[PDB]
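Accompanying notes for the structure given below.
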There are 2 protein chains.
Amino acid sequence: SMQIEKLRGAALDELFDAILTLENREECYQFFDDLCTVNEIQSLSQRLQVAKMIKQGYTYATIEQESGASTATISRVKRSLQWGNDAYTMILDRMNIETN
Amino acid sequence: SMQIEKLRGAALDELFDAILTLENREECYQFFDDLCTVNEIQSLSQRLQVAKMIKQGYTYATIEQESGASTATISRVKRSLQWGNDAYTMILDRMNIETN
């Protein structure tokens with residue numbers, strides 16, 4: 001019952017298969033610069049920082065100050081961590097981020 | 001002189017490092033469902049479909065019909081194909097999608 005189920009199909013599969021072909025960090029810079037605006041990329045980056053910081057055990061007050069994320073953004077990320085796919089956990093755990 | 005240079009730094013590196021840890025297509029579904037809204041994901045999928053179809057030699061009208069994309073969206077993708085990082089070329093080649 002993921003919201004993304006609405007979109008499941010060949011085109012979305014191709015986008016994800018494309019992202020899987022990226023092999024290093026600079027390829028990601030090049031690809032996401034082509035694909036996305038600066039504002040879009042900034043938002044995605046902010047969201048992951050918020051998720052990381054929540055998991056590290058920081059107060060929401062501190063998260064605002066360090067990540068520059070808005071309260072509305074922090075709220076959305078909060079909702080995803082609790083009522084989502086545990087995908088932030090999966091990927092943060094893979095990078096060996098010390099979550100407390 | 002990529003626009004993304006505005007954002008280059010530790011947080012953005014971390015987002016890309018996260019994306020590089022994804023191993024399969026279903027993990028992408030779970031991660032991007034957590035990270036993004038349905039509307040954001042649909043937008044990104046549409047852009048890649050447009051890029052592919054431009055590179056295959058479809059005209060704007062066919063692209064509008066098959067991908068849902070507005071002329072504005074198509075225009076922006078076209079601009080990025082001419083003046084961007086050639087990153088759509090890169091990923092389309094790796095997925096062995098035939099292009100002109």
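Residue names in the structure tokens use chain letters A, B, ... in the order shown, residue numbers from 1 in each chain, and ligand numbers from 1 in the order shown.
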
* Asked: How far apart are chain A and chain B by Cα RMSD after a least-squares superposition over every Cα, paired in order?
  ->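 The RMSD between chain B and chain A over C-alpha atoms is 0.4 Å.
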
* Asked: Leaving out residue 7 of chain A and any residue of its chain fewer than 6 positions from it, which residues lie within 9 Å of it when counting only C-alpha atoms, given as a ChimeraX atom specification?
  -> /B:38,41-42

Each chain A residue no farther than 9 Å from chain B, nearest pair in Å, only C-alpha atoms, as a tab-separated table:
residue	atom	partner	partner_atom	distance
A:2	CA	B:33	CA	7.0
A:3	CA	B:38	CA	6.6
A:4	CA	B:33	CA	5.8
A:5	CA	B:29	CA	8.7
A:6	CA	B:38	CA	7.9
A:7	CA	B:42	CA	7.0
A:8	CA	B:29	CA	8.6
A:11	CA	B:45	CA	6.1
A:12	CA	B:45	CA	5.4
A:13	CA	B:25	CA	7.1
A:14	CA	B:45	CA	7.9
A:15	CA	B:45	CA	5.6
A:16	CA	B:25	CA	6.0
A:17	CA	B:25	CA	6.4
A:18	CA	B:91	CA	5.7
A:19	CA	B:19	CA	7.8
A:20	CA	B:22	CA	6.9
A:21	CA	B:91	CA	6.6
A:22	CA	B:20	CA	6.9
A:23	CA	B:20	CA	6.9
A:24	CA	B:20	CA	7.0
A:25	CA	B:16	CA	5.9
A:26	CA	B:16	CA	8.7
A:27	CA	B:87	CA	7.8
A:28	CA	B:16	CA	6.1
A:29	CA	B:4	CA	7.2
A:30	CA	B:85	CA	5.7
A:31	CA	B:87	CA	4.9
A:32	CA	B:4	CA	8.3
A:33	CA	B:4	CA	5.7
A:34	CA	B:84	CA	5.9
A:35	CA	B:47	CA	6.9
A:36	CA	B:44	CA	7.6
A:37	CA	B:4	CA	8.1
A:38	CA	B:4	CA	5.9
A:40	CA	B:40	CA	8.8
A:41	CA	B:4	CA	8.1
A:42	CA	B:7	CA	7.1
A:44	CA	B:35	CA	6.9
A:45	CA	B:12	CA	5.5
A:46	CA	B:11	CA	7.6
A:47	CA	B:35	CA	7.0
A:48	CA	B:15	CA	6.6
A:49	CA	B:11	CA	6.8
A:67	CA	B:11	CA	8.7
A:77	CA	B:35	CA	7.9
A:80	CA	B:34	CA	5.7
A:81	CA	B:34	CA	7.8
A:84	CA	B:34	CA	6.0
A:85	CA	B:30	CA	5.8
A:86	CA	B:34	CA	7.8
A:87	CA	B:31	CA	4.9
A:88	CA	B:31	CA	6.7
A:90	CA	B:31	CA	8.6
A:91	CA	B:18	CA	6.0
A:92	CA	B:18	CA	7.2
A:94	CA	B:21	CA	7.0
A:95	CA	B:18	CA	7.1

* alpha helix (DSSP H) per DSSP on the backbone: members of chain A, as a ChimeraX atom specification -> /A:10-20,25-35,38-56,60-67,71-82,87-94

Just the selected residues (C-alpha atoms), exported as a PDB file, in the first residue's frame, please.
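After the write, result_2.pdb holds the following:
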ATOM      1  CA  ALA A  10       7.549   0.393 -17.247  1.00  0.00           C
ATOM      2  CA  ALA A  11       8.541   4.078 -17.195  1.00  0.00           C
ATOM      3  CA  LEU A  12       9.078   4.205 -13.438  1.00  0.00           C
ATOM      4  CA  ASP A  13      10.945   0.906 -13.627  1.00  0.00           C
ATOM      5  CA  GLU A  14      13.226   2.472 -16.240  1.00  0.00           C
ATOM      6  CA  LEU A  15      13.995   5.505 -14.057  1.00  0.00           C
ATOM      7  CA  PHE A  16      14.993   3.224 -11.211  1.00  0.00           C
ATOM      8  CA  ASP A  17      17.007   0.945 -13.489  1.00  0.00           C
ATOM      9  CA  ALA A  18      18.767   4.080 -14.721  1.00  0.00           C
ATOM     10  CA  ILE A  19      19.640   5.198 -11.179  1.00  0.00           C
ATOM     11  CA  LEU A  20      20.987   1.676 -10.481  1.00  0.00           C
ATOM     12  CA  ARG A  25      29.371   9.989  -6.817  1.00  0.00           C
ATOM     13  CA  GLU A  26      30.327  12.207  -9.735  1.00  0.00           C
ATOM     14  CA  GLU A  27      28.083  10.286 -12.119  1.00  0.00           C
ATOM     15  CA  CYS A  28      25.279  11.092  -9.655  1.00  0.00           C
ATOM     16  CA  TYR A  29      26.211  14.807  -9.799  1.00  0.00           C
ATOM     17  CA  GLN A  30      26.122  14.721 -13.604  1.00  0.00           C
ATOM     18  CA  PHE A  31      22.880  12.705 -13.847  1.00  0.00           C
ATOM     19  CA  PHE A  32      20.896  14.517 -11.189  1.00  0.00           C
ATOM     20  CA  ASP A  33      22.076  17.907 -12.498  1.00  0.00           C
ATOM     21  CA  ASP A  34      20.598  16.913 -15.892  1.00  0.00           C
ATOM     22  CA  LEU A  35      17.434  15.368 -14.429  1.00  0.00           C
ATOM     23  CA  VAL A  38      18.796  22.902  -8.002  1.00  0.00           C
ATOM     24  CA  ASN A  39      15.701  23.392  -5.800  1.00  0.00           C
ATOM     25  CA  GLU A  40      14.578  19.809  -6.270  1.00  0.00           C
ATOM     26  CA  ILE A  41      18.047  18.393  -5.489  1.00  0.00           C
ATOM     27  CA  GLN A  42      18.368  20.658  -2.441  1.00  0.00           C
ATOM     28  CA  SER A  43      15.029  19.370  -1.079  1.00  0.00           C
ATOM     29  CA  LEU A  44      16.030  15.706  -1.476  1.00  0.00           C
ATOM     30  CA  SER A  45      19.375  16.383   0.179  1.00  0.00           C
ATOM     31  CA  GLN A  46      17.676  18.204   3.096  1.00  0.00           C
ATOM     32  CA  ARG A  47      15.223  15.348   3.608  1.00  0.00           C
ATOM     33  CA  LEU A  48      17.951  12.730   3.970  1.00  0.00           C
ATOM     34  CA  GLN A  49      19.870  14.993   6.405  1.00  0.00           C
ATOM     35  CA  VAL A  50      16.704  15.307   8.516  1.00  0.00           C
ATOM     36  CA  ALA A  51      16.155  11.551   8.530  1.00  0.00           C
ATOM     37  CA  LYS A  52      19.847  10.997   9.437  1.00  0.00           C
ATOM     38  CA  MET A  53      19.658  13.544  12.256  1.00  0.00           C
ATOM     39  CA  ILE A  54      16.431  12.124  13.715  1.00  0.00           C
ATOM     40  CA  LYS A  55      18.031   8.700  13.749  1.00  0.00           C
ATOM     41  CA  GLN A  56      21.196  10.134  15.342  1.00  0.00           C
ATOM     42  CA  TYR A  60      13.914  18.872  16.072  1.00  0.00           C
ATOM     43  CA  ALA A  61      15.097  22.329  17.190  1.00  0.00           C
ATOM     44  CA  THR A  62      18.707  21.313  16.433  1.00  0.00           C
ATOM     45  CA  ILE A  63      17.719  19.707  13.113  1.00  0.00           C
ATOM     46  CA  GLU A  64      16.194  23.024  11.935  1.00  0.00           C
ATOM     47  CA  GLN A  65      19.420  24.874  12.727  1.00  0.00           C
ATOM     48  CA  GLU A  66      21.955  22.397  11.261  1.00  0.00           C
ATOM     49  CA  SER A  67      20.161  21.103   8.150  1.00  0.00           C
ATOM     50  CA  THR A  71       9.446  22.670  10.067  1.00  0.00           C
ATOM     51  CA  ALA A  72       7.054  21.413   7.368  1.00  0.00           C
ATOM     52  CA  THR A  73       9.868  19.362   5.811  1.00  0.00           C
ATOM     53  CA  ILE A  74      10.927  17.906   9.165  1.00  0.00           C
ATOM     54  CA  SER A  75       7.220  16.989   9.724  1.00  0.00           C
ATOM     55  CA  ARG A  76       6.974  15.151   6.395  1.00  0.00           C
ATOM     56  CA  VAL A  77      10.218  13.260   7.108  1.00  0.00           C
ATOM     57  CA  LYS A  78       8.942  12.410  10.636  1.00  0.00           C
ATOM     58  CA  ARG A  79       5.803  10.915   9.072  1.00  0.00           C
ATOM     59  CA  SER A  80       7.878   8.887   6.573  1.00  0.00           C
ATOM     60  CA  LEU A  81      10.139   7.420   9.286  1.00  0.00           C
ATOM     61  CA  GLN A  82       7.202   6.299  11.381  1.00  0.00           C
ATOM     62  CA  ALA A  87      13.956   2.685   3.632  1.00  0.00           C
ATOM     63  CA  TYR A  88      15.743   5.561   5.327  1.00  0.00           C
ATOM     64  CA  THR A  89      16.804   2.991   7.947  1.00  0.00           C
ATOM     65  CA  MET A  90      17.937   0.484   5.331  1.00  0.00           C
ATOM     66  CA  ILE A  91      20.172   2.951   3.531  1.00  0.00           C
ATOM     67  CA  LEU A  92      21.514   4.862   6.569  1.00  0.00           C
ATOM     68  CA  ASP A  93      22.430   1.487   8.104  1.00  0.00           C
ATOM     69  CA  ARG A  94      24.332   0.546   4.906  1.00  0.00           C
TER      70      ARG A  94
END
